[PDB]
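Given next, in structure tokens, is a single chain: the form deposited in one PDB entry.
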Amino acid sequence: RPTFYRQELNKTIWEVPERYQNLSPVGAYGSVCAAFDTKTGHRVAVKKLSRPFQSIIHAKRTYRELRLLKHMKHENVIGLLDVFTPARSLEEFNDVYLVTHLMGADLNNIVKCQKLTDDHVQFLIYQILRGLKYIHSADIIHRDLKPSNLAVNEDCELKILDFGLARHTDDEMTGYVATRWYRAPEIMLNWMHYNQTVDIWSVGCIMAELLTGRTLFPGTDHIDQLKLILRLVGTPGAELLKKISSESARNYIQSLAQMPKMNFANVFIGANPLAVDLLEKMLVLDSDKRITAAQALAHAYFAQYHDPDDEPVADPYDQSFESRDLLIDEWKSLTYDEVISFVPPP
């Protein structure tokens, strides 16, 4: 067990191992500090969870986040560098700290500020799809892909972060907000049980924005956004209507006048024809018919970068805990076991 030291920073007590030095606050579910890790030479983010075990819902969310971060081991996905608690036993266990690489710029900064060549778009979207092939192979759905959840460094290398770990609130998704502009219509409107195909819809929205410099579907509310979507991809046919489970949602769709799919070459003027082709295969209304991550990596748009011997899949991921009903102290004990069994990366 390492030696810990205490200090108060912006009204919060931080108790951390001596290896972490020069803590500096940098910003819902916890507080974050930047620090220098003297054992590895890494510049890191240290997150202290806020009230991790205050309710059954919150204790299960703490366990879910720690299990997910411990599993992710891929070049294009955020990984876990360390996890610690100052507690010396389960009986005094109350605080959880998570350590990751400190991230600088996100894709928001790049799209708004830089001039991107087609080669930049190829490399950035290739890396998102490479990470998604890995994530989806473990039957994990990210659910919240958007530019602020994609970190990028000076060499245009990219990492996926901030997995969807709790339900977003109704208020967070209301109005003219980027939190909703990248969501697939079937989850935005609760049409049906969703699956991993929702993440490919988000990649299409991000790729369009890199090519034009503008948000693809900037709706002022749920219904305005749906109208923008259906004007581009067309209104649904009877085949997809069969798959919408809410009678009321089906009724609303049929109240709209029918519209054909638009010509994407006349929307994304001057783009690489291979980029136009890939966008038509991602932005498909019926989720059963969208291209998958593994299929998209083999598309000719990525011929410069595709290497099927360097696109790995994940170890199996057991999510059976998600249907388990436990007491707070039982979720807490499961979390404690995962903290003390952590083994750092090479």
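Rigid core: the largest C-alpha set superposing within 1.5 Å between the two forms. Residue numbers here begin at 1 and follow the sequence given. Shifts are known only where both forms have a C-alpha.
- Compared with other entries of the same protein, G175 falls in the group left without coordinates by at least a third of them, where both flanks are modelled.
- Across the other compared structures of the same protein with both neighbouring residues present, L98 carries coordinates in every case, with no third of them leaving it out.
- In the deposited sequence, the stretch from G27 to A28 hides 1 to 3 residues that have no coordinates.
- Judged by mean Cα B factor in the deposited record, 29-37 ranks above the other of 29-37 and 307-315.
- Of the two segments examined, 151-159 and 216-224, it is 151-159 that shows the higher average Cα temperature factor in the deposited entry.
- Between the residues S55, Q295, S320, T62, the entry's highest C-alpha temperature factor is the one at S55.
- The PDB entry assigns its highest CA temperature factor, among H74, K133, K243, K146, to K243.
- Sort the modelled residues of the chain by CA B factor and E247 lands in the highest third.
- Among the modelled residues of its chain, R43 has a C-alpha B-factor that falls in the middle third according to the deposited record.
- Compared with the other modelled residues of the chain, the Cα B-factor recorded for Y126 ranks in the lowest third.
- When the CA B factors of the chain's modelled residues are split into thirds, the value for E209 lands in the lowest one.
- The entry lists a Cα temperature factor for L278 that places it in the lowest third of the chain's modelled residues.
Another form, the form solved in complex with a small molecule, is not on view; read the next lines as being about it.
- Proximity of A45 to the small molecule in the bound PDB entry falls within the 4.5 Å heavy atom cutoff.
- Not displayed here, the small molecule is approached by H101 to within 4.5 Å at the level of heavy atoms in the bound PDB entry.
- By the criterion of a heavy atom within 4.5 Å, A303 is excluded from the residues contacting the small molecule in the bound PDB entry.
- At the 4.5 Å threshold, heavy atoms of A105 reach the small molecule in the bound PDB entry.
- Relative to the small molecule in the bound PDB entry, residues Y5, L90 and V96 are all farther than 4.5 Å at every heavy atom.
- Remark: 28-30 is the one run between this form and the one not shown in which three or more consecutive shared residues have Cα displacements of 2 Å or more on core superposition.
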